[PDB]
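In: the data below comprise the sequence and an experimental structure of the protein.
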Amino acid sequence: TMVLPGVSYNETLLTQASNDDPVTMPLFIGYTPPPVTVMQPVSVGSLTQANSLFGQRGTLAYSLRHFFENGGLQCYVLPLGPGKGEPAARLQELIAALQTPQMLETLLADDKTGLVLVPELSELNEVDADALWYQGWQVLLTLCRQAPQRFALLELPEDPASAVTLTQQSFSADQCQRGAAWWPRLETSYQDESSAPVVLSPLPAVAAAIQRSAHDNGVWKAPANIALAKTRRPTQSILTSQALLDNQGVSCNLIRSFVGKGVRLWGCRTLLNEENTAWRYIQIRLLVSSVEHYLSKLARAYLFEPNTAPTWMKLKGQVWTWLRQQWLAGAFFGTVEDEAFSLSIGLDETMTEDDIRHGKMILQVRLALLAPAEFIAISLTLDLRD
Amino acid sequence: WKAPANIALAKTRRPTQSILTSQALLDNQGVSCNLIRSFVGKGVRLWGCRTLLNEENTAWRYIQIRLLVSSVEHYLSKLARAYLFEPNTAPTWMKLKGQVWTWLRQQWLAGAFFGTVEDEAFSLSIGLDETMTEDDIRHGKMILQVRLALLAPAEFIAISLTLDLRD
Amino acid sequence: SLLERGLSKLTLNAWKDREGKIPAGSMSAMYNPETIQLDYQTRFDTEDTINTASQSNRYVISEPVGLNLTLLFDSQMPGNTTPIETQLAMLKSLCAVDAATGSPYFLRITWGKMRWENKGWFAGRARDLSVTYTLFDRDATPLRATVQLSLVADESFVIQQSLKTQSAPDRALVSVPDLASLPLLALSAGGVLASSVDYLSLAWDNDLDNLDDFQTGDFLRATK
Amino acid sequence: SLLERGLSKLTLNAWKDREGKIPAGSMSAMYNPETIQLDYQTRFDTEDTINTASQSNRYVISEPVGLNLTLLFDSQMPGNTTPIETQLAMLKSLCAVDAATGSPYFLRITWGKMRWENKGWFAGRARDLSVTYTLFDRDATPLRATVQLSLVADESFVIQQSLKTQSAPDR
Amino acid sequence: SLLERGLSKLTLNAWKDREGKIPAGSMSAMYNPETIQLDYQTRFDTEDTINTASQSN
Amino acid sequence: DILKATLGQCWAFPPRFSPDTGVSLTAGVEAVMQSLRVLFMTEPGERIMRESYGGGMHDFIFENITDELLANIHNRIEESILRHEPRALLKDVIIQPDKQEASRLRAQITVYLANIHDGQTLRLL
Amino acid sequence: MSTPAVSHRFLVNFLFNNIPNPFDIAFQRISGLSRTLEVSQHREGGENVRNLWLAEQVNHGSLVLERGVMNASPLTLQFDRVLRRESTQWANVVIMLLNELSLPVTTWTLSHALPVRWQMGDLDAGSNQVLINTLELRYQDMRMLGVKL
Amino acid sequence: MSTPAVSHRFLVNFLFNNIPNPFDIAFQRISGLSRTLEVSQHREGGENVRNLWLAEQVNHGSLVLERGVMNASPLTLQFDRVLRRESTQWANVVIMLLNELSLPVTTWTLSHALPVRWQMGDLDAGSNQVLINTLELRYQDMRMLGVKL
C-alpha cells in the first residue's frame, strides 16, 4: 500500500573499485568539457562514467571513448576549467596553465598515476605553431623529470618539416629518457555529427595499449605490435613522407597499418637516440620504475628502524626474495641468479660511518634486462651434400 | 530471518479490494502498510514485510528483523539465566562469553547474519571496565553486550542494460 | 562469498516433459558431495582407405556428458531430525520410471555458483542410483544412507536450438579494415559463417562496382 | 635455457576446419602436466597360408598416435586470482562439438622446446576429457579442477602431403 | 523406538503365484545383515541422427 | 544504416501515437535493447497464449541478498536471454546491493551484438 | 615483556542439552588441542626447484581428559548414556587458564563435543596409585579466545 | 681458523600482505631446514658393478617453530585467520643467526610460507612448565645467504 516492491529499470552506474597499477595509469589533462572540482584528479571507471561526467562530444570526451574502446582499464582526468573558445587562445592558455607551480603541487601530491598525457595539443595542427609545439613538449618533459615516476606521452605534428624541426630541437638527456612521441594522428570511426570522421591523437589509444599489455603480459614486454581497435587509418603513411627518417633527432614511434592485420603500433623506443644507453625501449623505463615502486614500498616499511646491522639484513632478505621471484617469472635476463640481479647493503660496502650517523641506509640493486626482437636478420645456407 | 512475504495464500478466492482502484494508502505520510495482492500465473500473495516504523534508516522495519533479534533474545536469555546465581567473578563472565560466542558463530555459519568474516558478523564485550563498573558489580549486575549485522531483503530489482558495441 | 557465509546446498529439480512446462517434485540434498565429476567422450573411427595417401579418422558420435556424484544422509545427530527415508523417498522416486507416462523424469542438478558444462544447470536423466544403508536402529529406521548418483546430459530442444543460432546465424556483417581486399574479406566472412563464401558472391550481393569498392570502415553483408 | 629462466606454459589452439584457415579460441593452461605420454600402435594380422613355406604377418592399419596429459587448476592461493571456471569454460568448449558445424575443433597442443612425434606441434582432436572438482567454497565457486585430457593424431592433408614429397619425389 | 527396545528381525515370506493367494513357507532370519544395498539402473541409447540439429538419447 | 537493415524494425515499447507521425518505431541496435526491457518487465503468464515469455524476476523480491540469491539472478537472466532473445549474447551481469538506501539490488546486464594476467606478479610478495 | 603462561591451572565448563545446569568439572590431564590445515604437494612440469602447496581442509584434533575415579558427576553419567547409546547429545565446552589472581588469560571454547571413548586405569595389587579414567571427545569446531592467544 | 657458529641466538622476521608492518618475533625452538634433491636409481642391462643416480626434483622441508603462550602477536592472530580459513595469505620469512656483537653471520630467507598447523602443549596439574605452542609452515622456495654458508 505504502510501498510497492517490484522490478524497476534505471541507468545508474554501479562502478568498480581500485585497479592499482599506478605506474601505467594515464592522466588526461585537457580542459573540462563544455560538477568536478577545478583541479583535483577524478577517477574515471568504465566508459559509462566517462559519459556521465564529461558528456559524449568534445575533445577530451572522444579521447576517453577511444581509451576504453581500445581496452583501457582505468583512467584519471585532471580538469583545468571551462576554457575560452577561439581555439588559438585556448591552446596558449593550456601551456600557460601547465607552467604554474600549482601543477607541481597536484602531480607530486598525487601518487595514483604514472602516465602524463595532454591530448589537446593535437589541436595545434589546425593552428607560431613551432614555438607552441616546443614549449608544449618541454613543459610536459619537466613535470615528469621532477615527479618521482611519471612518463610523458607526446606527439608530433602531422606536417613534415614541422615535425622535423621539433625533433631537431634541444632536449636534455635527463628529460628525453622519460617521454615518447607517436607520429601519425589517428582517423577514428566516430562521426563528427555529420558524414565526416573524427580525427584524434594516437595517445589515448597508446595509453590503453600500454596498460593492457602491462596487465596481461607484464610491463616488461613491449607496448608495440598492438592492433588499434576503432581506427580507420593513420592519416599519413611513411611511404609518402620520407622525412622523419633523418637520423639527426629524437627517436619517434610509427603507427602503421598492414594488409592481413589492422592498424598496429610499430615502435617502442624513447626520445633518447643513443645506441648504447639502455634508457630507450619504453618497457625498460617502465619496468625499472615498476621495481622502484615496489622496492620503495617495502623499504619504507623498514624506515624508522635502527641503523644496526640486523635491520640492514632484514631488508636484504626481503628484497632478495622478491627479486628472485621476478627473475623466475621471466622479467629479468640471465640463466643464473648471479647474472640476473645483485644486492649489496652493508657498512663498508655502500655506507660509511659518516653516512650512518646522518641516518642513511643505502642499498644497491643491479639488474639485467631483456632486449626486444626489433630486427630479424634471416640467412640461408645451401649445404651441398653430394 | 527470511521474510514473511512471497507466500501463496491457500484457500482464498481474492482480496476484496485491489490497489489499482484505490490509490489512497500510497500517501507517504503515515505508518507502513503491507499489501496482499494476487498475480496472474500465481495466486494470492502476501506482498510486504515492513513494520509500522516509516523510517528510512532505523532497521526496526522489516518484520523478520524484529522477529530474528527477538529469537536471539529468547535463546541468549535462556543460557544467561543458566549462569544467573553464580558469583560475579571473572571466571563466570568468561564462562558466559564462551557459550554465547559458540552459539552466535553457529548461526552466522547457518546463514542468519551478514558478514564474510566473523569480526563483522557479531561481537561480545563482557568485562569489568568494558561494560560493567565496580559499582555495577556490587549491586549484583552482569552486563553483556552483543552487536549484530543482519541481512537486507531484495525488495527492489533495478535492472539495467548495456549495449557494449564491439565493432 | 562477498556478502555472507551461509552454505548453498544442491537442488535436484524434476520435470516430466523434455522442457520445463510440467514440474514434478524437487528436493534439495544436505551434505554436499565433496567431489563432482563430469566425463566427456567423443568416438572416432579410423579411415582404412586403400589409397594410402593420408592417415585420418572420422567423427562418429559424441557420447553424452555423464555426471558422477555421491551423497550421504544421516539422522541421529541431534541437529538432524528429519528421518532419511523421507529424503530418500524422493531420490528413489525421481530417479525411476514415472507412473504417469512410463519414462524417467528429466532431472536438473544445480549448485549456487558452480557453472556446469557451459550453463548454470545440468539437465539430463538418471542412468544409475545405488543406496547402501549401513547403520540401523532397534526397529530399524535406517538413519545412514550413502547414495551414489550418476546422470547423463540430455538437454531440451529449445535450449540446444538457441545455442546454435548464437554461432553463425547465417549473416555475417563484416567490417572492412584499412588495406583490405576481397579474398581477405571472404576469409574473414568465411570464418563468421564457416561456409567458404567465394568472393564473387560478395561483390554481387553487396552491389560492388569494380571488386575494390569498400572504403575502410563500411560494412559488407555475407549470407551463407 | 641459454637466455633466461622464465617458464613456457603449454598452449591449446583450436580451429574449425582441418587446416589452419578458420581459428577458434585458444587457451594457455597454467600448471604444466609433469608428464606427457604418447602411445603408438600398429596392428598386424598373421598369414594363415596353407602352403606352410613361411611364417609372416601382414600390415593392416596403424592406429593414430594418442596423447595423454593431465592438468590442474587452482584459484585460492593469493597469486591465483582468475576463477578456474573461466579457464575451464574453454577446455569444456574446445573439447566438445561446435555449435557452428557439428564436429570437434581440431586442436593443436604445443610446448616451448618440446618436439612432438616429429614436428613442433601435436595436431588432432579430443577423444576424452574428465574434470573432477575436489574443493569448493561456501557458495561453491569450485577453485580446484584436476583435468584429464586425451587426444588423437589427425594431422591436416597439406602437411601430410608435404612430408611425402620429401621422401622419394619420383626423381 | 518410542515403546521398547526389542529387535525386529527380517522375515522372508514366499508364495507360489505372482500375487499373494498361494503362500509357501516363510522364515525369519537371525543376525540382521548390517548393510543392505539396492541398485537401480536405467538404460539409455544415444540417437545417432544424421540431421545434427540436437544431441539426445 | 545496415544495422537498421539486419536488425529488424518494430514499435517502441511505450506505444506513442501521434496524428502527424503514425507509430513511433525503434530500429536496429535500439530495437534489441527495446526487446530486452520487454523481456525483464514481462512475467510468465501475463501474455495470453504466450506463457513461456517472461523474465521472471518477481521470484526474487523477498529473498535476502545472501549470495544464494545473486547466483539465482545470474542464471535466470542468462537462461531467459537464451530462450527468448538469441539476437543478443551475454557478456556479464553484475549485481550489487545499493549502498545508500539498501534493499535495492542493482543489476547491470551487458550483452554483445551477436589469458592469466602476468603483470600482477610484480605487485605481490 | 609479560610473563608466559604456565599450564597447571585450568577450568572446564560443559553445557549439554539433556542437562539443564552448566557444570564445571576439575580434571588432571587435558591433553592438547591441535588444528592442521592438510595441504597437498603438486608437481609442475617445467619447475624442478620450488614447491607448490595447496590448501584443502582444516582438521581438528581430539579432547582427551583424565581425572580420578570420584563420585558420579553430571559428565560421567552423560558418557554412560552416550556409550550405552541412550543419547547422542553433545556439548559446548569452555576451557580456560587462570593467572595468579583469578583471571582467564586464554580460552579455547569447543563446539559440539561428542563423548567417544572411556578408558579405565589398571587394577594392580601392588600399585600405590589413584584409579584414573580417561575420557575422550570429538568436536566439530574450535575457537580460541582471550588476551594470551 | 674462524670459530664455528653456535645455535642459541636467532631473529625471525615476517612479512605478510594483510599486515602493513614487518614484525619480528622471538621463538624458542626453530626446528631446522632440509633440502633434498630426490634422485632415483636406474639399473642398466650389462652393467652390474656401478650405480646410476638420476636427478629429479628438489624437495624442501618444513619450518616448525616453538614459543610460549604469551600475549597475542601479529603472527598468532594470523595463524588464527588462516586456520579459520578467513585468509590464505603467506609470508616471506627471514631467519638469521647473530654473532657476539650483533652481526648476522647466516641468513635463511624463506619464501611464501603458509601456516598449516597449530599444536598446543599439555595441561597437567603437576607439571611445572610453560605452556608451549608449536607452529608449522610450508614454504615454496628457500635461499640461504650470509658469510657463514
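Out: Everything's here; your move. Numbering: from 1, shown residues only, chains lettered A, B, ... in the order given.
In: use CA for all of it now, contacts and neighbours both
Out: Noted.
In: SS state for residue 53?
Out: This is for chain A. Assigned state for residue A:53: helix (three-state reduction, DSSP: H, G, I helix; E, B strand; the rest coil).
In: and it, how many residues sit next to it?
Out: Residues near residue A:53, counting by other Cα atoms under 10 Å in any protein chain shown, number 15.
In: cool, and the one 10 residues further on?
Out: Taking other Cα under 10 Å as the neighbour definition, residue A:63 ends up with a count of 22.
In: by contact count, what packs against the helix or strand in which it is found?
Out: Here residue A:63 sits within helix A:60-68, counting by DSSP states H and E. Judged by 3 or more Cα pairs under 8 Å, 6 or more residues apart in numbering or on different chains; DSSP states H and E, helix A:60-68 is in contact with helix A:47-54, helix A:203-212.
In: between these, which one is closest to chain G.
Out: Chain G lies closest to helix A:203-212 among the helices and strands packed on helix A:60-68, at 27.4 Å (Cα to the nearest Cα).
In: ok, which of the helices and strands packed on helix A:60-68 comes nearest residue B:13?
Out: helix A:47-54 (47.9 Å; Cα to Cα).
In: could you dump the closest one to CSV, C-alpha only?
Out: The C-alpha coordinates for helix A:47-54 follow below in CSV (Å, rounded to 0.1, in the frame of the first residue of the first chain):
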residue,chain,number,x,y,z
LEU,A,47,33.0,4.3,-20.3
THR,A,48,29.6,4.9,-18.8
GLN,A,49,31.2,7.0,-16.1
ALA,A,50,33.1,9.0,-18.7
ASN,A,51,29.9,10.0,-20.4
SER,A,52,28.0,10.7,-17.1
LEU,A,53,30.8,13.1,-16.1
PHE,A,54,32.1,14.6,-19.3
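In: list the contacts of it.
Out: A:13, A:15, A:32-33, A:35, A:44, A:61, A:64-65, A:68 (Cα atoms under 8 Å, 6 or more residues apart in numbering or on different chains).
In: now do stretch A:257-273
Out: Residues from elsewhere that reach stretch A:257-273 (Cα under 8 Å, 6+ apart): A:173, A:176-181, A:206, A:222-229, A:231-234, A:249-256, A:279-283, C:177-180, C:184.
In: buried set for that stretch?
Out: In terms of neighbour count (16 or more other Cα atoms under 10 Å in any protein chain shown), stretch A:257-273 has its buried residues at A:257, A:262-273.
In: hey, where'd the helices end up in the chain?
Out: As the question left the chain open, I've gone with chain A. For chain A, applying DSSP state H gives helices covering A:47-54, A:60-68, A:90-98, A:101-107, A:129-146, A:164-167, A:173-176, A:203-212, A:282-299, A:309-327, A:353-357.
In: other chain: chain F
Out: Ranges of helices in chain F, per DSSP H, are F:2-6, F:29-41, F:69-84.
In: next, format these as a markdown table and append distance to residue C:126.
Out: Formatted as a markdown table, those follow (distance: least, Cα to Cα, whole Å):
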| stretch | distance to residue C:126 |
| --- | --- |
| helix F:2-6 | 43 |
| helix F:29-41 | 33 |
| helix F:69-84 | 23 |
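In: from the buried residues of stretch A:257-273, which is closest to residue A:299?
Out: Using Cα to Cα, residue A:270 comes nearest to residue A:299 of those, at 29.0 Å.
In: grab the nearest non-local neighbour of the closest one.
Out: Nearest residue to residue A:270 in three dimensions, chain neighbours excluded: residue A:280, at 4.6 Å (Cα to Cα, 6 or more residues apart in numbering or on different chains).
In: for that neighbour, give its distance to residue A:247.
Out: Taking Cα to Cα, to the nearest Å as the measure, residue A:280 falls 15 Å from residue A:247.
In: equivalent analysis for residue C:74, please.
Out: Computed as Cα to Cα, the residue C:74 to residue A:247 distance reads 82 Å.
In: these two - which one has more neighbours?
Out: Counted by other Cα under 10 Å, residue C:74 and residue A:247 do not tie: residue C:74 has more neighbours, with 19 against 10.
In: what's the closest non-adjacent residue to that one?
Out: With Cα to Cα, 6+ apart as the criterion, residue C:74 has its nearest non-adjacent residue at 4.6 Å, and that residue is residue C:144.
In: quick check: the one you found touching residue C:135?
Out: Yes - using Cα atoms under 8 Å, residue C:144 is in contact with residue C:135, at 5.5 Å.
In: of those two, which one has the most company?
Out: Neighbours were tallied for residue C:144 and for residue C:135 using other Cα under 10 Å; the higher tally belongs to residue C:144 (20 against 15).
In: residue A:383: neighbour count?
Out: Neighbours around residue A:383, by other Cα under 10 Å: 6.
In: can you report how many residues neighbour the nearest residue to residue A:244 once chain neighbours are set aside?
Out: Nearest non-adjacent residue to residue A:244, counting by Cα to Cα, 6+ apart: residue A:164, 6.0 Å away. A count of nearby residues for residue A:164, using other Cα under 10 Å, gives 19.
In: give the contact list for residue 110.
Out: Using chain A here. Residue A:110 makes contact with no residue, according to Cα under 8 Å, 6+ apart.
In: look at chain G instead
Out: Counting by Cα under 8 Å, 6+ apart, residue G:110 touches B:102, G:92-95, G:139-143.
In: cutoff 6 Å now
Out: Taking Cα atoms under 6 Å, 6 or more residues apart in numbering or on different chains as the contact definition, residue G:110 lies against G:92-93, G:142.
In: now it, what are its backbone angles?
Out: When read as degrees, to the nearest 10, the backbone of residue G:110 gives phi -80, psi 160.
In: gap between it and residue H:82?
Out: Distance check for residue G:110 against residue H:82: by Cα to Cα, it reads 18 Å.
In: before we move on, what about residue A:313?
Out: Look at residue A:313 and residue H:82: by Cα to Cα, they are 28 Å apart.
In: just to revisit the earlier point, quick one, the helix holding residue A:63 and helix A:47-54 angle?
Out: 170 degrees (axes from the mean of the first three to the mean of the last three Cα atoms, to 10 degrees).
In: quick one, helix A:60-68 and helix A:203-212 angle?
Out: Here helix A:60-68 runs at an angle of 30 degrees relative to helix A:203-212 (the same axes, to 10 degrees).
In: the spatially most central residue of chain G: what's it in contact with?
Out: The centre of chain G sits closest to residue G:63, judged by Cα atoms, centre = their mean, with a distance of 2.5 Å. Counting by Cα under 6 Å, 6+ apart, residue G:63 makes contact with G:136-137.
In: dump the contacts of helix A:47-54 into a markdown table; add neighbour count and distance to residue C:140 as well.
Out: Below are those laid out as a markdown table (neighbours: other Cα atoms under 10 Å in any protein chain shown; distance: Cα to Cα, whole Å):
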| residue | neighbour count | distance to residue C:140 |
| --- | --- | --- |
| A:13 | 15 | 60 |
| A:15 | 13 | 58 |
| A:32 | 22 | 80 |
| A:33 | 18 | 80 |
| A:35 | 5 | 75 |
| A:44 | 20 | 67 |
| A:61 | 19 | 76 |
| A:64 | 26 | 73 |
| A:65 | 22 | 72 |
| A:68 | 20 | 67 |
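In: just the residues you listed now: which is nearest chain C?
Out: Distances from chain C to those, taken by Cα to the nearest Cα, are shortest for residue A:15, at 15.9 Å.
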